[PDB]
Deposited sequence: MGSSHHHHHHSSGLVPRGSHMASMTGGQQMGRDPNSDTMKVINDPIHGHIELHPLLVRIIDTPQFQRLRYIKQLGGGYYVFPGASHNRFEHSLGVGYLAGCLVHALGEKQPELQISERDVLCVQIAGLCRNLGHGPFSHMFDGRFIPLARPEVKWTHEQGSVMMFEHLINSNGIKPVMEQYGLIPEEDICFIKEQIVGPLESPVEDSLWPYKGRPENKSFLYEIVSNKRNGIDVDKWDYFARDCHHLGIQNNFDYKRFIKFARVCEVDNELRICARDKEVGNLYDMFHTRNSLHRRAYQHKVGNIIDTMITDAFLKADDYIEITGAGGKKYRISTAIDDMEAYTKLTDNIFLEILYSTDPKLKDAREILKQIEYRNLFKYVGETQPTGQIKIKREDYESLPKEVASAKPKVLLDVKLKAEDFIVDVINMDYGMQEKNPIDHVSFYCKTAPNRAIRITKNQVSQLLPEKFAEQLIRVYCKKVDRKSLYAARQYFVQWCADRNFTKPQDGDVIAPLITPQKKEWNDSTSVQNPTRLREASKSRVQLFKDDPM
């Protein structure tokens, strides 16, 4: 077995080590060819056809790039080829746990079908990785290339999900702590996964990317920080880092949280909910599973991809009809109609226990305008979106270590006031989108009245089209003026 070269539109010609090749050429990895990166985003951005497979390749590639650069500019770190391979494998495999339409599955479907469980694509990734290793006899191949499976498999899993349960990792000691900052950076969110999806998503969406990850890699070092060895960025690049998160936020505003893309995610999820009792995926031994239970058997999960959509679509079985028509309403583009967007004011925050109580509030909303058709709770959809810099209310740049030209291994910290005052004052907010599931002209009018009224009463922000869509309501007392 020899090295393979693969041509990627984003990174160009990528070299894949034979071990990476044997990991890639498995049913568990090839599965990612049938899972769309941005899910329902494709039904809004027609270029967004790319899948988790190529993304995974890109993440592995960039992980290798960064670890290799660090290794070559600072030999005293003793980064081994074994380290490089493990970091590449973690990069390659940290998307293994995604389900149909990616985030829709873990962010929308599973929380509704099985509110029981705490499931994330990360855990799915460790489980699926274990399953890949075991089902494909990769351990002797790992050994063949100088890896020690019991130490290194642990290292990889820890890279993907963090500590498997004050140095909490058992795959690598603290003098190699920086190796844990590459694939999934739990301390500030700056990792190679973001870099690849910036470049790739922008390539396919038709939006252009302004973050230069190659530059970051060029300016990256390893420093001592509180007796740990961590990745330090050159000081003057701090601005770029802010821009990075700005970029992330922008991509969420323009594409990932697109109103119609989101309502399509919602409709698809709902169809999955109405199909969850009649669609079956056969797992280990021959035992049978459903969409919501596929996550409990990795052999079953292996056969759970975007294909389920088409299965629901092409079915003839009557028991699936409630599902099958929903998808068809997507095909005819008869979608739930968008009513508007608003935000909480002051210190008010929307808790996740109170979401189901939100359409019903809107349905209750006070009249004021002459009434026609009247809509109920089930006719309204309320979607709450949390926009942040990846670390709740916190500024992630406060958790970045920097170095100076004068003393390149002396780590320093940089506060927001040392960079710019045009920077954000907050790093978290919520957006509330309201849609109406009945689509005729005056049901839409009514829904608009209900919505604007509801915004006024909870003292939310004034809807941008407020003066137009509800001229009789927005005049009501005037701190919307």
Check: deposited residues absent from the model (no CA) fall at 1-36, 202-207, 524-550
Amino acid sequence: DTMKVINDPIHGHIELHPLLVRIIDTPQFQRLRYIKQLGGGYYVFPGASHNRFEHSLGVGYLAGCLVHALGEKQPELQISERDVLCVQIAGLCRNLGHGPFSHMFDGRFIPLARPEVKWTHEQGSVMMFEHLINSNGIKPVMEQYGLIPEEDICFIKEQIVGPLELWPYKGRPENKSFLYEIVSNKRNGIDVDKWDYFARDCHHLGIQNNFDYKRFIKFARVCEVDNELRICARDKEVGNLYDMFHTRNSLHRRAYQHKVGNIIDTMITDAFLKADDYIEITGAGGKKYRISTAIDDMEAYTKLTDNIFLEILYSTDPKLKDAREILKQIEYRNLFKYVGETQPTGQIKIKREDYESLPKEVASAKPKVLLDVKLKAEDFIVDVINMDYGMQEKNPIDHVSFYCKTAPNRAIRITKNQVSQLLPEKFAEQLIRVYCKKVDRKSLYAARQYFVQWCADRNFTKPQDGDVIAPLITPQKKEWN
From here on, numbers count along this sequence of modelled residues.
Comparing 344-352 with 95-103, the higher average Cα temperature factor in the PDB entry belongs to 344-352
Higher of the two mean Cα B-factors (176-184, 353-361; per PDB record) comes from 353-361
Top Cα B-factor in this entry, restricted to 59, 48, 67, 447, sits on 447
Comparing C-alpha B-factors across 265, 196, 243, 378 in this entry, the winner is 378
Temperature factor at the Cα of residue 292, chain-ranked in thirds, falls in the highest
Of the three thirds of Cα B-factor ranks in this chain, residue 54 occupies the lowest
Assert third(CA B-factor, residue 36) within chain per record equals lowest
Binned into thirds over the chain's modelled residues, the C-alpha B-factor of residue 256 lands in the lowest
Residue 111: C-alpha B-factor third of its chain, per the entry, is the middle
